[PDB]
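Pasted below: run04.txt, compact mmCIF, C-alpha atoms.
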```txt
# COMPACT_ATOMS: atom_id res chain seq x y z
CA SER A 48 234.25 103.25 5.90
CA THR A 49 230.76 101.78 5.43
CA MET A 50 229.39 103.84 8.33
CA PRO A 51 225.95 105.39 7.81
CA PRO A 52 226.01 109.18 7.47
CA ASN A 53 225.33 111.70 10.25
CA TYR A 54 226.45 109.16 12.89
CA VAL A 55 229.48 109.51 15.18
CA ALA A 56 231.05 106.35 16.60
CA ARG A 57 234.41 104.64 17.03
CA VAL A 58 235.49 101.78 14.78
CA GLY A 59 235.60 98.48 16.66
CA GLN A 60 238.67 96.23 16.70
CA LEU A 61 236.94 93.01 17.68
CA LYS A 62 238.64 89.68 18.29
CA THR A 63 237.76 86.82 15.93
CA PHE A 64 237.71 83.18 17.03
CA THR A 65 236.90 79.77 15.55
CA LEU A 66 234.50 77.58 17.50
CA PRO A 67 235.40 73.87 17.70
CA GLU A 68 233.07 71.34 16.14
CA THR A 69 232.49 69.65 19.51
CA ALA A 70 233.19 71.03 22.98
CA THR A 71 234.87 68.23 24.93
CA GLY A 72 236.35 70.07 27.93
CA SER A 73 239.89 69.87 26.56
CA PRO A 74 242.50 72.44 27.66
CA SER A 75 241.95 74.10 24.28
CA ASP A 76 238.28 74.66 25.16
CA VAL A 77 239.08 76.12 28.59
CA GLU A 78 241.64 78.53 27.13
CA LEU A 79 239.24 79.49 24.32
CA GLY A 80 236.38 80.06 26.76
CA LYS A 81 238.44 82.33 29.01
CA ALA A 82 239.60 84.34 25.98
CA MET A 83 236.01 84.87 24.82
CA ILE A 84 234.95 86.05 28.28
CA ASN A 85 237.74 88.64 28.43
CA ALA A 86 236.68 89.87 24.98
CA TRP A 87 233.08 90.31 26.15
CA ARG A 88 234.17 92.15 29.31
CA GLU A 89 236.48 94.54 27.41
CA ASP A 90 234.75 95.20 24.07
CA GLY A 91 231.28 93.79 24.75
CA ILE A 92 231.19 91.86 21.46
CA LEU A 93 233.28 89.29 19.59
CA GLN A 94 233.25 87.72 16.13
CA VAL A 95 233.34 84.03 15.19
CA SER A 96 234.51 82.69 11.84
CA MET A 97 231.84 80.92 9.81
CA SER A 98 232.50 77.40 8.65
CA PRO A 99 232.46 77.06 4.84
CA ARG A 100 229.37 74.87 5.19
CA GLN A 101 227.73 77.58 7.30
CA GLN A 102 228.63 80.16 4.64
CA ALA A 103 226.58 78.19 2.10
CA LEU A 104 223.57 78.19 4.44
CA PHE A 105 223.96 81.93 5.03
CA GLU A 106 223.95 82.55 1.27
CA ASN A 107 220.83 80.42 0.80
CA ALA A 108 219.09 82.19 3.69
CA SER A 109 220.14 85.58 2.32
CA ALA A 110 218.74 84.64 -1.09
CA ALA A 111 215.42 83.58 0.44
CA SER A 112 215.33 86.86 2.37
CA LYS A 113 215.64 89.05 -0.73
CA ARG A 114 213.09 86.88 -2.56
CA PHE A 115 210.57 87.40 0.25
CA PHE A 116 211.04 91.18 0.46
CA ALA A 117 210.58 91.41 -3.32
CA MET A 118 206.97 90.24 -3.02
CA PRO A 119 204.08 92.73 -3.20
CA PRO A 120 203.24 94.45 0.10
CA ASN A 121 199.78 92.89 0.43
CA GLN A 122 201.23 89.41 -0.09
CA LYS A 123 203.73 90.02 2.72
CA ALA A 124 201.20 91.69 5.04
CA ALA A 125 199.15 88.46 4.90
CA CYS A 126 201.91 86.55 6.73
CA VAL A 127 200.42 86.82 10.21
CA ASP A 128 199.39 84.13 12.68
CA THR A 129 196.82 84.34 15.47
CA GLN A 130 198.65 81.91 17.81
CA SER A 131 202.32 82.77 17.18
CA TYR A 132 204.05 86.15 17.07
CA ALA A 133 206.16 85.02 14.11
CA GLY A 134 205.45 86.57 10.72
CA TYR A 135 205.73 89.86 8.88
CA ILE A 136 205.78 93.23 10.66
CA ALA A 137 206.00 96.46 8.67
CA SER A 138 206.91 100.08 9.42
CA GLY A 139 204.76 102.16 7.05
CA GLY A 145 209.67 105.13 -5.41
CA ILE A 146 210.84 101.66 -4.40
CA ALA A 147 210.44 101.35 -0.63
CA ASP A 148 211.00 103.39 2.52
CA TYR A 149 210.19 101.33 5.62
CA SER A 150 211.93 98.86 7.92
CA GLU A 151 210.52 95.36 7.38
CA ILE A 152 210.94 92.41 9.74
CA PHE A 153 209.97 88.73 9.44
CA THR A 154 210.22 86.92 12.77
CA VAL A 155 210.46 83.12 12.85
CA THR A 156 209.66 81.60 16.24
CA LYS A 157 209.30 77.88 16.97
CA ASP A 158 207.24 76.40 14.13
CA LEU A 159 204.66 74.05 15.64
CA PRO A 160 201.71 72.54 13.73
CA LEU A 161 198.09 73.01 14.73
CA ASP A 162 197.97 69.44 16.11
CA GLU A 163 200.88 69.87 18.53
CA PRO A 164 199.88 69.31 22.19
CA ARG A 165 201.22 72.74 23.19
CA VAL A 166 199.20 74.45 20.45
CA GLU A 167 196.06 72.43 21.25
CA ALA A 168 196.28 73.55 24.89
CA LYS A 169 196.24 77.16 23.58
CA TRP A 170 199.53 78.11 25.20
CA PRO A 171 200.53 81.73 24.48
CA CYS A 172 202.93 82.36 21.56
CA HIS A 173 202.69 78.68 20.50
CA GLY A 174 201.41 78.25 16.95
CA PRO A 175 202.27 77.63 13.31
CA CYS A 176 204.78 79.75 11.43
CA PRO A 177 203.20 81.55 8.42
CA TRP A 178 205.64 80.70 5.66
CA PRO A 179 204.74 82.20 2.26
CA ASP A 180 206.14 79.12 0.48
CA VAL A 181 208.38 76.12 1.06
CA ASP A 182 211.09 77.85 -1.00
CA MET A 183 211.64 80.21 1.96
CA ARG A 184 210.94 77.72 4.76
CA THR A 185 213.63 75.14 3.96
CA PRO A 186 216.72 77.41 3.61
CA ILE A 187 215.81 79.56 6.62
CA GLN A 188 215.11 76.49 8.76
CA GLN A 189 218.48 74.92 7.91
CA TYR A 190 220.12 78.26 8.73
CA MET A 191 218.46 78.24 12.16
CA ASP A 192 219.67 74.67 12.74
CA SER A 193 223.26 75.70 12.04
CA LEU A 194 222.91 78.71 14.34
CA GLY A 195 221.49 76.43 17.03
CA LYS A 196 224.61 74.28 16.96
CA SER A 197 226.89 77.32 17.24
CA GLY A 198 224.76 78.78 20.03
CA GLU A 199 225.05 75.61 22.11
CA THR A 200 228.82 75.41 21.63
CA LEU A 201 229.16 79.02 22.79
CA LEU A 202 227.25 78.17 25.97
CA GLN A 203 229.63 75.27 26.59
CA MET A 204 232.51 77.72 26.15
CA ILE A 205 231.01 80.01 28.80
CA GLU A 206 230.66 77.15 31.30
CA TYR A 207 234.28 76.11 30.70
CA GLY A 208 235.61 79.67 30.93
CA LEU A 209 233.70 80.51 34.11
CA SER A 210 234.49 77.02 35.52
CA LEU A 211 230.80 76.35 36.10
CA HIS A 212 229.28 72.94 36.69
CA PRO A 213 228.66 71.04 33.42
CA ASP A 214 225.23 71.52 31.85
CA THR A 215 224.65 74.68 33.89
CA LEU A 216 223.65 76.75 30.83
CA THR A 217 223.08 74.04 28.21
CA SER A 218 220.34 72.44 30.33
CA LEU A 219 218.19 75.57 30.01
CA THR A 220 218.25 75.56 26.19
CA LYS A 221 216.94 71.99 25.87
CA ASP A 222 214.05 72.55 23.45
CA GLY A 223 214.91 76.23 23.75
CA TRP A 224 212.64 78.97 22.44
CA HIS A 225 215.08 79.93 19.70
CA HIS A 226 213.75 82.53 17.27
CA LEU A 227 215.24 84.42 14.33
CA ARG A 228 214.58 87.98 13.16
CA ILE A 229 215.03 88.61 9.43
CA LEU A 230 215.55 92.35 8.97
CA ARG A 231 215.60 94.78 6.06
CA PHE A 232 216.62 98.42 6.46
CA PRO A 233 215.94 100.92 3.64
CA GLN A 234 218.08 103.81 2.42
CA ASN A 235 218.49 107.08 4.31
CA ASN A 236 216.72 109.11 1.60
CA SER A 250 219.10 102.11 21.66
CA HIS A 251 217.41 98.71 21.94
CA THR A 252 217.96 95.80 24.31
CA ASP A 253 218.07 92.02 23.87
CA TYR A 254 216.04 89.58 26.00
CA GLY A 255 218.20 86.48 25.85
CA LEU A 256 221.44 84.68 26.52
CA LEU A 257 223.39 85.11 23.27
CA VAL A 258 222.55 87.10 20.13
CA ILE A 259 224.19 85.85 16.92
CA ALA A 260 224.01 88.51 14.20
CA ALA A 261 225.08 88.26 10.55
CA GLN A 262 225.12 91.16 8.11
CA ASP A 263 226.05 92.04 4.53
CA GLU A 264 228.59 94.56 3.20
CA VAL A 265 226.44 97.67 3.75
CA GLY A 266 226.73 97.73 7.53
CA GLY A 267 225.00 99.83 10.16
CA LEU A 268 225.29 97.98 13.47
CA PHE A 269 226.37 99.90 16.57
CA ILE A 270 227.12 98.56 20.06
CA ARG A 271 227.90 100.03 23.48
CA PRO A 272 230.99 98.69 25.31
CA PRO A 273 230.96 97.96 29.07
CA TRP A 296 228.88 104.13 20.67
CA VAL A 297 231.08 101.80 18.61
CA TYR A 298 230.49 100.93 14.95
CA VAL A 299 230.71 97.26 13.98
CA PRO A 300 232.40 97.07 10.55
CA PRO A 301 231.25 94.38 8.09
CA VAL A 302 233.83 91.58 7.91
CA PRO A 303 233.19 88.83 5.33
CA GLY A 304 232.83 85.27 6.59
CA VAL A 305 232.09 85.96 10.27
CA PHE A 306 229.07 86.53 12.50
CA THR A 307 228.88 88.67 15.62
CA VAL A 308 227.94 87.37 19.07
CA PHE A 309 227.04 89.54 22.07
CA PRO A 310 225.23 88.63 25.31
CA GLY A 311 221.85 89.92 26.39
CA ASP A 312 219.86 90.66 29.54
CA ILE A 313 219.36 87.05 30.67
CA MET A 314 223.12 86.45 30.54
CA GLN A 315 223.83 89.48 32.73
CA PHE A 316 221.18 88.36 35.23
CA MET A 317 222.66 84.88 35.67
CA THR A 318 226.33 85.95 35.70
CA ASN A 319 226.04 88.98 38.05
CA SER A 320 227.14 91.50 35.40
CA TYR A 321 230.16 89.32 34.56
CA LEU A 322 229.07 89.17 30.91
CA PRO A 323 227.23 92.49 30.50
CA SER A 324 224.27 93.15 28.24
CA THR A 325 225.40 95.01 25.12
CA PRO A 326 222.91 97.54 23.71
CA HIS A 327 222.64 97.78 19.94
CA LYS A 328 221.27 100.39 17.53
CA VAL A 329 220.97 100.36 13.74
CA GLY A 330 221.54 103.34 11.43
CA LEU A 331 220.10 103.77 7.95
CA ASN A 332 222.74 103.77 5.22
CA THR A 333 222.73 104.99 1.61
CA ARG A 334 221.64 101.57 0.27
CA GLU A 335 219.31 98.84 1.47
CA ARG A 336 220.75 96.53 4.12
CA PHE A 337 219.85 92.91 4.89
CA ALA A 338 220.81 91.33 8.21
CA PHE A 339 219.90 88.49 10.56
CA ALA A 340 219.34 88.41 14.33
CA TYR A 341 219.43 84.98 15.99
CA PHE A 342 218.50 84.58 19.66
CA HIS A 343 219.73 81.50 21.53
CA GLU A 344 217.16 81.30 24.32
CA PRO A 345 216.28 79.02 27.24
CA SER A 346 213.25 76.76 27.13
CA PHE A 347 209.85 78.44 27.27
CA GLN A 348 209.14 76.37 30.41
CA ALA A 349 212.55 76.89 32.03
CA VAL A 350 212.90 79.28 34.98
CA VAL A 351 216.36 80.83 35.07
CA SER A 352 218.12 81.49 38.38
CA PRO A 353 221.37 83.31 39.17
CA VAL A 354 224.58 81.31 39.50
CA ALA A 355 225.55 80.98 43.16
CA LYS A 356 229.26 80.94 42.26
CA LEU A 357 229.21 84.33 40.49
CA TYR A 358 227.49 85.98 43.49
CA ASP A 359 229.47 86.96 46.58
CA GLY A 360 227.92 85.28 49.60
CA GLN A 361 224.23 84.59 49.17
CA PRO A 362 222.57 84.94 45.75
CA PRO A 363 219.31 86.86 45.27
CA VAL A 364 216.05 84.99 45.81
CA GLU A 365 214.68 86.30 42.50
CA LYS A 366 213.85 83.96 39.63
CA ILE A 367 212.83 84.77 36.05
CA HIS A 368 210.33 82.53 34.27
CA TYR A 369 211.34 82.94 30.63
CA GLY A 370 207.89 82.04 29.31
CA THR A 371 206.37 84.98 31.18
CA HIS A 372 209.31 87.22 30.23
CA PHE A 373 208.97 86.41 26.52
CA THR A 374 205.22 87.04 26.33
CA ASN A 375 205.42 90.27 28.34
CA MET A 376 208.03 91.72 25.96
CA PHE A 377 206.15 90.89 22.75
CA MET A 378 202.79 92.07 24.09
CA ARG A 379 204.38 95.46 24.81
CA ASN A 380 206.38 95.79 21.58
CA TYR A 381 203.51 94.65 19.31
CA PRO A 382 200.27 95.76 21.01
CA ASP A 383 198.06 96.25 17.95
CA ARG A 384 198.89 92.80 16.54
CA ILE A 385 196.15 90.20 16.15
CA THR A 386 198.29 87.79 18.18
CA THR A 387 198.21 90.09 21.21
CA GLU A 388 194.46 90.73 20.98
CA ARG A 389 193.69 87.00 20.95
CA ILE A 390 195.85 86.37 24.03
CA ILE A 391 193.90 89.14 25.79
CA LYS A 392 190.44 88.13 24.57
CA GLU A 393 190.86 84.40 25.26
CA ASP A 394 192.72 85.22 28.52
CA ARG A 395 195.67 82.95 27.72
CA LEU A 396 197.94 84.76 30.20
CA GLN A 397 196.41 82.74 33.06
CA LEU A 398 198.15 79.65 31.65
CA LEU A 399 201.57 81.14 32.46
CA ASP A 400 200.86 80.54 36.17
CA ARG A 401 200.12 76.83 35.79
CA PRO A 402 202.95 74.44 36.74
CA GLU A 403 202.83 72.61 33.39
CA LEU A 404 204.23 75.79 31.80
CA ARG A 405 207.04 76.08 34.38
CA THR A 406 208.54 72.56 34.52
CA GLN A 407 211.00 71.26 31.91
```

Reformat the file's structure so that it appears as structure tokens.
Amino acid sequence: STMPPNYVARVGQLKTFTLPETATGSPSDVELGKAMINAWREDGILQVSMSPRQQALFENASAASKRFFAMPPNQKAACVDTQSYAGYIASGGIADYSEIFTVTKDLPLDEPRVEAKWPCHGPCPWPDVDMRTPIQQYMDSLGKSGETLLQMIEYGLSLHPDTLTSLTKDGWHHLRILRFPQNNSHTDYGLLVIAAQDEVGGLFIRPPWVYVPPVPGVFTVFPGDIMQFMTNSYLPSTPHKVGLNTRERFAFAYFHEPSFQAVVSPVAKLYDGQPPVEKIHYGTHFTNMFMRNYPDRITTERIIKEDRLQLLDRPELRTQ
């Protein structure tokens, strides 16, 4: 077993599926959607086989990840932006700290949303184009898989068409490039979390702890908090923790998210009788989570100094 030491968990026997290239509402899509829902309600997590074209993009993105983390520390620490939370975040012989490079929506300085000084909207601090192109193409392939999974959920739950896919139009998709060093419970604010890992392993989940073994050629998908809110605990939020192994581990964390301007509301079908009157504005939910997780960041201080949080109450940031 590739399980990190000093940890006690059960090995997971997850179901593996193959997503169709285009969800059309065929009887094959309805049967596949219902099978994925039962897997999420029983084990809390399922695996999806990568297409051979997606495997090439994962290898290119994994190569650009190791090339970035091989740079000197001061060259990586300079990858910070004052308008966007994307960039490098550190922990502390070779290395001994957990490093993360978040990639939010990359918008130039002349974009209307960045000119209006909206919170979290800004350029992405890429160190070079050699890292920007492969990681961007990897996010585009994960965006296609994330949308097909949402169409599977609407077909399995027999929801009205475009019930979930209409929220992710220009969605605030962001990717978290992780690196965990040698050994010598977190949540997830979103609809679906697509995670890909190497052969080292160290991912643990909590069914509705269980170790997720590394399987070549597949990525793992588990819902988050926003999915549980809309579905009335039908698809529960799966907590995840990472354990340090004997060797360095590289992994990805993709978040298929609604639009920054979209306001999610519970599904009236999945609620007995009347649904709650509560509504979550994702733009306010996203900024509140990053301002709490990264308080000492220059991005948070600028939002506080320039008082950009007052823009979250304007209707232009709530209609899309």

Identify, on the basis of all atoms listed in the file, every residue whose closest approach to segment 129-149 of chain A does not exceed 6 Å; exclude the query and any residue fewer than 3 positions from it along the same chain; express the result as a ChimeraX atom specification.
/A:126,152-156,172-174,177,233,385-386

Counting only C-alpha atoms, which residue out of A:263, A:365, A:394, A:162 sits closest to residue 336 of chain A?
A:263

Using only C-alpha atoms, which residues sit within 6 Å of segment 200-217 of chain A once same-chain residues fewer than 2 positions away are excluded, as a ChimeraX atom specification?
/A:77,80-81,197-198,219-220

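Restricting the calculation to all atoms listed in the file, the smallest distance between residue 48 of chain A and any of A:69, A:234, A:85, A:332 is found for A:332.
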
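The space separating atom CA of residue 193 of chain A from atom CA of residue 101 of chain A comes to 6.8 Å.
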
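From atom CA of residue 376 of chain A back to atom CA of residue 395 of chain A, the distance works out to 15.3 Å.
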
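For the pair atom CA of residue 108 of chain A and atom CA of residue 325 of chain A, the interatomic distance is 25.8 Å.
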
Near-residue 387 of chain A list (9 Å; all atoms listed in the file; drop same-chain fewer than 2 positions) as a PDB file with C-alpha atoms, in the coordinates of the input:
```pdb
ATOM      1  CA  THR A 129     196.820  84.340  15.470  1.00  0.00           C
ATOM      2  CA  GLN A 130     198.650  81.910  17.810  1.00  0.00           C
ATOM      3  CA  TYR A 132     204.050  86.150  17.070  1.00  0.00           C
ATOM      4  CA  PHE A 377     206.150  90.890  22.750  1.00  0.00           C
ATOM      5  CA  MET A 378     202.790  92.070  24.090  1.00  0.00           C
ATOM      6  CA  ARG A 379     204.380  95.460  24.810  1.00  0.00           C
ATOM      7  CA  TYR A 381     203.510  94.650  19.310  1.00  0.00           C
ATOM      8  CA  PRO A 382     200.270  95.760  21.010  1.00  0.00           C
ATOM      9  CA  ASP A 383     198.060  96.250  17.950  1.00  0.00           C
ATOM     10  CA  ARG A 384     198.890  92.800  16.540  1.00  0.00           C
ATOM     11  CA  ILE A 385     196.150  90.200  16.150  1.00  0.00           C
ATOM     12  CA  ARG A 389     193.690  87.000  20.950  1.00  0.00           C
ATOM     13  CA  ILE A 390     195.850  86.370  24.030  1.00  0.00           C
ATOM     14  CA  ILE A 391     193.900  89.140  25.790  1.00  0.00           C
ATOM     15  CA  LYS A 392     190.440  88.130  24.570  1.00  0.00           C
TER      16      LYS A 392
END
```

For residue 102 of chain A, the closest of A:261, A:252, A:164, A:175 counting all atoms listed in the file is A:261

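Each of A:321, A:342, A:105, A:337 was checked against residue 226 of chain A using all atoms listed in the file; the smallest atom-to-atom distance is that of A:342.
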
Compile the contact shell of residue 183 of chain A as a PyMOL selection string: residues with an atom at most 10 Å away, counting only C-alpha atoms, same-chain residues fewer than 6 positions apart removed.
chain A and resi 107-108+110-112+114-115

Go ahead and dump the residues you just picked, C-alpha atoms, as a short mmCIF file (atom, residue, chain, number, x, y, z; two decimals), in the coordinates of the input.
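For reference, selection-v3.cif as written:
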```cif
data_model
loop_
_atom_site.label_atom_id
_atom_site.label_comp_id
_atom_site.auth_asym_id
_atom_site.auth_seq_id
_atom_site.Cartn_x
_atom_site.Cartn_y
_atom_site.Cartn_z
CA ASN A 107 220.83 80.42 0.80
CA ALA A 108 219.09 82.19 3.69
CA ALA A 110 218.74 84.64 -1.09
CA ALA A 111 215.42 83.58 0.44
CA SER A 112 215.33 86.86 2.37
CA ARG A 114 213.09 86.88 -2.56
CA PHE A 115 210.57 87.40 0.25
#
```

Out of A:302, A:368, A:178, A:119, which residue has the shortest atom-to-atom distance to residue 62 of chain A when counting all atoms listed in the file?
A:302

Take the point (225.8, 84.3, 18.8) as written in the file and pick out every residue within 8 Å of it, counting only C-alpha atoms; give the list as a ChimeraX atom specification.
/A:194,197-198,201,257-260,306-310,341-343

Residues near segment 312-316 of chain A, cut-off 10 Å, only C-alpha atoms, skip fewer than 3 positions along chain, as a list in words
residues 216, 252, 253, 254, 255, 256, 257, 309, 319, 320, 321, 322, 323, 324, 325, 326, 344, 345, 351, 352, 353, 354, 365, 366, 367 and 369 of chain A

Selected residue of minimal separation from residue 338 of chain A among A:304, A:272, A:370, A:266, counting only C-alpha atoms:
A:266
